[PDB]
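See structure below.
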2 protein chains.
Amino acid sequence: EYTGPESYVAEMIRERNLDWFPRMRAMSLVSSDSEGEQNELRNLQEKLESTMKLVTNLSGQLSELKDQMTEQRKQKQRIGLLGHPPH
Amino acid sequence: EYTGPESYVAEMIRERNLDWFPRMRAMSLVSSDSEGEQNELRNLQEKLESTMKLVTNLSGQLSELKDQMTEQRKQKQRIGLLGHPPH
Ligand SMILES: [Ca+2]
Ligand SMILES: [Ca+2]
């Protein structure tokens with residue numbers, strides 16, 4: 001009928017080990033937080049705006065092929081209409 | 001005629017409590033700032049460029065449906081004009 005931690009302590013006792021005693025650490029002092037996790041949120045956010053790379057490149061290319069075909073039509077506006085008028 | 005803090009000190013005295021005495025803290029040392037709040041500005045800014053998600057997705061979709069209808073017209077430029085010439 002050993003519980004979870006109780007069985008583990010039992011094997012540590014049978015192992016002649018004393019590493020399960022707390023040393024220079026208390027839960028009341030660890031309960032501080034110190035506005036932590038902020039680094040995790042910053043790191044995920046930095047990748048999220050780094051994810052904006054693929055978000056904005058699709059827009060850039062979809063705009064630019066249309067722009068370049070329109071620019072080809074504009075180039076036609078000059079080159080085709082140059083040879084159209086007679087002499 | 002008790003003032004704000006004076007009344008509170010009065011009830012602490014009647015409570016036989018000594019927790020209103022400063023201990024290991026001085027205002028002159030707390031007056032440091034240490035370029036603080038920088039984390040708050042960084043956190044708001046990171047969300048603001050995370051707010052750029054919705055700012056740029058509206059642009060992306062408004063560009064892309066126009067691009068895809070133009071591309072459908074371009075697909076017509078081929079498929080419709082393939083079956084138009086006679087034999
Ligand atoms: Ca059990
Ligand atoms: Ca009063």
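All residue names refer to the structure tokens as shown: chains lettered A, B, ... in order, residues numbered from 1 in each chain, ligands numbered from 1 in order.
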(Q) Could you tell me which residues of chain B sit within 12 Å of chain A when counting only C-alpha atoms, and give me the result as a PyMOL selection string? (A) chain B and resi 39-40+42-71+74
May I have the residues from that selection written out with C-alpha atoms, as a PDB file, in the first residue's frame?
ATOM      1  CA  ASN B  39       9.861  45.564 -19.879  1.00  0.00           C
ATOM      2  CA  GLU B  40       6.327  46.993 -19.958  1.00  0.00           C
ATOM      3  CA  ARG B  42       8.719  45.993 -24.704  1.00  0.00           C
ATOM      4  CA  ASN B  43       5.723  43.800 -23.849  1.00  0.00           C
ATOM      5  CA  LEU B  44       3.190  46.268 -25.241  1.00  0.00           C
ATOM      6  CA  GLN B  45       5.307  46.752 -28.374  1.00  0.00           C
ATOM      7  CA  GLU B  46       5.586  43.003 -28.955  1.00  0.00           C
ATOM      8  CA  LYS B  47       1.797  42.706 -28.860  1.00  0.00           C
ATOM      9  CA  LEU B  48       1.549  45.774 -31.111  1.00  0.00           C
ATOM     10  CA  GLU B  49       3.600  44.040 -33.791  1.00  0.00           C
ATOM     11  CA  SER B  50       1.551  40.955 -32.929  1.00  0.00           C
ATOM     12  CA  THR B  51      -1.430  43.224 -33.572  1.00  0.00           C
ATOM     13  CA  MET B  52       0.162  43.643 -37.011  1.00  0.00           C
ATOM     14  CA  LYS B  53      -1.177  40.128 -37.672  1.00  0.00           C
ATOM     15  CA  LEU B  54      -4.729  41.399 -38.154  1.00  0.00           C
ATOM     16  CA  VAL B  55      -3.382  44.627 -39.678  1.00  0.00           C
ATOM     17  CA  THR B  56      -1.591  42.759 -42.475  1.00  0.00           C
ATOM     18  CA  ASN B  57      -3.983  39.826 -42.937  1.00  0.00           C
ATOM     19  CA  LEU B  58      -6.782  42.137 -44.041  1.00  0.00           C
ATOM     20  CA  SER B  59      -4.373  43.511 -46.652  1.00  0.00           C
ATOM     21  CA  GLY B  60      -3.270  40.012 -47.634  1.00  0.00           C
ATOM     22  CA  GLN B  61      -6.783  38.695 -48.216  1.00  0.00           C
ATOM     23  CA  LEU B  62      -8.011  41.877 -49.921  1.00  0.00           C
ATOM     24  CA  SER B  63      -5.047  41.607 -52.282  1.00  0.00           C
ATOM     25  CA  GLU B  64      -5.359  37.867 -52.828  1.00  0.00           C
ATOM     26  CA  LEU B  65      -9.031  37.587 -53.769  1.00  0.00           C
ATOM     27  CA  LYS B  66      -8.466  40.279 -56.391  1.00  0.00           C
ATOM     28  CA  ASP B  67      -5.328  38.422 -57.480  1.00  0.00           C
ATOM     29  CA  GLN B  68      -7.197  35.127 -57.788  1.00  0.00           C
ATOM     30  CA  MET B  69     -10.093  36.646 -59.744  1.00  0.00           C
ATOM     31  CA  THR B  70      -7.538  38.297 -62.035  1.00  0.00           C
ATOM     32  CA  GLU B  71      -5.838  34.900 -62.311  1.00  0.00           C
ATOM     33  CA  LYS B  74      -6.028  35.044 -67.041  1.00  0.00           C
TER      34      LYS B  74
END
Q | Test item: residues no farther than 12 Å from ligand 2, counting only C-alpha atoms and all ligand atoms, as a VMD selection string | A | chain B and resid 1 to 7
**Q.** Selected residue of minimal separation from residue 20 (chain A) among A:84, A:79, A:8, A:73, counting only C-alpha atoms
**A.** A:8
